[PDB]
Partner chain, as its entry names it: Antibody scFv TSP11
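In the form solved without its partner chain, a lone chain appears below as structure tokens.
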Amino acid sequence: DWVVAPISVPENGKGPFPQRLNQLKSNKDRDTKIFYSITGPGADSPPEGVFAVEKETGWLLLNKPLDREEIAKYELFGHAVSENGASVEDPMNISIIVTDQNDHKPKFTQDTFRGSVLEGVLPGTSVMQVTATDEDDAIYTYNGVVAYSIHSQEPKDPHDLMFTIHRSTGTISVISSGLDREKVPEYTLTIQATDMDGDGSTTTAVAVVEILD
């Protein structure tokens, strides 16, 4: 059968609402009067009334701006019904895909993360993992794609770059020899998490590393 292609609707649209997405039509309408309707989540089950059809004209309408982070996709059936009350067609699948906007910044799961590591480890040893989440899409776009970096280390003894952080996983690793509890018992790493794979918004948190024995 000929069917509606999936309609892409960006989230957070400016209107005007209700907004026309597509006009539903059965050719049998030259022969008798046709009444259009839609079913499914978004239509007549929760969340109800997000979409509507104009029963005479067949206009599918979006009633309000959409949020991808709430529902990413709607699937409905359009129904064509005679003046009598009989179905004049098989129901037609209607797909609405909500495309993503970068409308969320990265949030660290806490403000300070505490970890520890033994005082004699060789470059290339995991210490701890920090996490920042972004609620936007990471599959089709970079909006939800977080890049981690160390902004600074305090203090700079024995020298500055003692640690590294995995850009995708926020795993912090020792990368230089020379950790010693007697000299330096604790480091503070200022961490950044930047969405759009490091081109979007930056958020900052802190990682405190205890040097053990």
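Numbering follows the first chain given and starts at 1.
The same protein has a further form, the form deposited with its partner chain bound, not shown here; the description that follows concerns it.
Trainee: Even though the partner isn't displayed, in the deposited complex is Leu179 close enough to its partner chain, meaning a heavy atom within 4.5 Å?
Mentor: Close contact is absent here: in the deposited complex, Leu179 is far from its partner chain, nothing within 4.5 Å, heavy atoms only.
Trainee: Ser37: heavy atom within 4.5 Å of its partner chain in the deposited complex?
Mentor: The answer is yes: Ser37 has a heavy atom within 4.5 Å of its partner chain.
Trainee: Is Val184 part of the interface with its partner chain in the deposited complex - any heavy atom within 4.5 Å?
Mentor: Because no heavy atom of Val184 falls inside 4.5 Å of its partner chain in the deposited complex, the answer is no.
Trainee: Please determine whether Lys156 contacts its partner chain in the deposited complex, using a 4.5 Å cut-off between heavy atoms.
Mentor: The answer is no: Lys156 has no heavy atom within 4.5 Å of its partner chain.
Trainee: Please tell me which of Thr32, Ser149, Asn63, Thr188 lies within 4.5 Å of its partner chain in the deposited complex, judged by heavy atoms.
Mentor: Exactly one residue meets the criterion: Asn63.
Trainee: What residues in 31 to 63 sit within 4.5 Å of its partner chain in the deposited complex, counting heavy atoms only?
Mentor: In sequence order, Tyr36, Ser37, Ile38, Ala43, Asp44, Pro47, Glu48, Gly49, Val50, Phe51, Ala52, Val53, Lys55, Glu56, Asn63 come within 4.5 Å of the partner.
Trainee: Which of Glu54, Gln101, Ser126, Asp29 lies at the hinge where one rigid part of the chain turns against the other between the shown form and the other one?
Mentor: Considering the domain motion between the shown form and the other one, the hinge residue is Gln101.
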